[PDB]
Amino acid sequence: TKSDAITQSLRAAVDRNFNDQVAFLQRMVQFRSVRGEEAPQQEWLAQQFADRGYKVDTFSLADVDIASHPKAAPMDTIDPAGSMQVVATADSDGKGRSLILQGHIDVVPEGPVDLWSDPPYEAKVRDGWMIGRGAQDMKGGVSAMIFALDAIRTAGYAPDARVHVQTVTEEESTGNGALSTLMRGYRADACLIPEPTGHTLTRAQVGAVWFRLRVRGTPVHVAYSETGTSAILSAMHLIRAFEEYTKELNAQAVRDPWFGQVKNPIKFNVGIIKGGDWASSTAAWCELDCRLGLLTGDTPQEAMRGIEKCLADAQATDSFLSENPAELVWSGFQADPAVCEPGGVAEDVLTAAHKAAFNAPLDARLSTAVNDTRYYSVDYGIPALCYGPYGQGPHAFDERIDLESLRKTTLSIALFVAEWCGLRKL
């Protein structure tokens, strides 16, 4: 009765504030916070936190000397001094369990704007969905965690333990934002990141390596092409080589504890290609930006050695590459895989919070995408939960988030905070 009344009041608070929440998310989605362009979104979030009475700490990857940590990933052409993190702290003298709530506010490129059916940064709301780049992955989740805490406040309460609310860059490229919050000093008894898991807990997740191949060739006139080579055709040779390696890796994936019975869990992608200068000249250069997954039994340095070996073996079978060996650039992720070890108390609390919010059991799922919980649990021994709202089209056209999923997910997170941290009268 005591317990049901507090729950029914948080539910009330979440509904009361929900119209504001959707507006809040729309504003976020309208920030085109692609890589390198996140500062305005973070400035806004900082002021939003200030408005709610949090102590606010904003700092860059350079402020914590990011490259000094062995798990920091290389930053390619992006200046670490411009890559901004925001951590809001509600301090407390309470006896409950402290919590980190974290989400990323970087979003992946929208792609060809003409292929979206509603514009990617307008945040059009339609038939109970909001369409936008970042709406699902993961600004929706970010709105859910902030408003979970607003709901507790609206209901007349405050968490009975220290809480940090973290908004980070670089999740989609390195993970260095998440890592920097830990380098900066922030700890808690648990961490929850509301990636768009469709109301599931991510039980295990792959890691990943980003790498760029820079290929040369011997340019000649097309008329004399046999006397030269093409860097673009040689790049294609390497793509085929990496595809074969990836098939070999997936044949071995059956030995993995968690992903053993999943079909082709290791994914290889050539995401960006550029090369050549002239339709009637042999291409002298070609660059490929790639990604390769790794499983729970692998480390990134093992996967990097494997990548180097695959490339070394493939250079020998191409004439242009025997005279012009391709350069390998570590261009981003060197990311650990992670497991949410079953049987933890944090998961028990989320199970009960989920039950109350969705009137269903909490399902666990595998993920062939990376997420930032890995830093919290692998590197800092913090129980970490990846769990969030439902939507469609991450990294795709017409990415969209289910607004009723979001309401329920916001409630679930609020209920989680209440049990995990405990409540006190505001």
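Just count from 1 along the sequence shown to find any residue number.
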State which stretch shows the higher mean Cα B factor in the entry: 175-183 or 253-261.
253-261
Mean C-alpha B-factor higher for 333-341, or for 157-165?
157-165
Which one of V108, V215, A204, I152 shows the top CA temperature factor in the record?
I152
Top Cα B-factor in this entry, restricted to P325, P196, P74, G96, sits on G96
For the chain shown, is the CA B-factor of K247 in the lowest, middle or highest third of its modelled residues?
middle
Temperature factor at the Cα of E122, chain-ranked in thirds, falls in the middle
Rank-wise, by C-alpha B-factor, drop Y224 into the lowest, middle or highest third of its chain.
highest
Lowest, middle or highest third: where is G36 by Cα B-factor in its chain?
lowest
So, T351's CA B-factor, relative to its chain, sits in which third? The highest
